[PDB]
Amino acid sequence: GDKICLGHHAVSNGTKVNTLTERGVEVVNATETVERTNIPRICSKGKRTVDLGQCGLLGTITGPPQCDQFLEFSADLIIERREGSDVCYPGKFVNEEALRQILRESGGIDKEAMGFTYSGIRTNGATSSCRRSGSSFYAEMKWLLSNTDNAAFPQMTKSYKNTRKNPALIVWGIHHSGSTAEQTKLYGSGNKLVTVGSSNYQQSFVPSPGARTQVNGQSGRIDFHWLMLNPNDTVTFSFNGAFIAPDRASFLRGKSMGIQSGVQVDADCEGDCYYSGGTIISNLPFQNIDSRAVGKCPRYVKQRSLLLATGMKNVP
């Protein structure tokens, strides 16, 4: 008897997948859905890229020696590194991380002089912790001392209008001396106040002199503070010592992204999702590599693998 049979294909090596109803049912074919594959490099093709290396991001605004190349840097992609430091003379920024988040998407910075000038004080405060050709200081700032040791410090006001169309990033410092003796040697006796107001912003600052742990030969510290000054607004600085004054305001250039990483740049490969270990190049919807990956990324998931079937049940 003549007959015709209908059938479908099959193979000996089925791939196991999961369904609503069964774990490890075999299908003819399947494809991975969770990315595990990583390129151990920063794929920068098509993007202006700044590798800050020794230079801390916030340092680009104040300008310790490590950051000299980057005082007006310009970028699409910004890479911070572990060894980066924001300082030379010991100290830290208040609200540091917010400010980092601003600079990471800033496109870089452009610097304008604020035009302060000074009478009856010194301006060349310096220290062995910030060294270029011997003792020096933060490039974008001026360490104002009294005119001579112990001498009194003229009370002063200085202001600056932001005449541009974007907001201006303003930064200053409070010097906290290793002793009260050093505070007087530098700014003279009396207590010391520093007051800073725009219109949008009012705040105030007293130095806390006192012994601390010696960091880079230094027992003193510099508190850095900052604000955004709106277009046409003015910032005014009233003070009588312990003031580290800005020489230049900063302005944000455009748009960028910043990452933190421990691997080389590679301008020959292209990418859009990054993490500390490299770049994730992948069309898969999900990934199991790093939950803190940034850019335009597959969604991070707990599972190593989720196979998606791309053929029928295998019945061999």
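Each residue number is its position in the shown sequence, starting from 1.
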### Query
Which wins on mean Cα temperature factor, 263-271 or 244-252?
263-271
### Message
Please compare 43-51 with 23-31 and say which has the higher mean C-alpha temperature factor in the record.
### Response
43-51
### Message
Among the choices 132, 176, 81, 225, identify the one whose CA B-factor in the record is greatest.
### Response
132
## Note on the structure
residue 38: CA temperature factor from the record, placed by chain third, in the highest
### Query
By its CA B factor, does residue 159 count among the lowest, middle or highest third of the modelled residues in the chain?
middle
### Query
Which third, lowest, middle or highest, does the CA B-factor of residue 105 fall in along this chain?
middle
### Message
Ranking the modelled residues of this chain by C-alpha B-factor as given in the entry, is residue 95 in the lowest, middle or highest third?
### Response
lowest
#### Entry: Within-chain third of residue 142 by Cα B-factor, per the entry
lowest
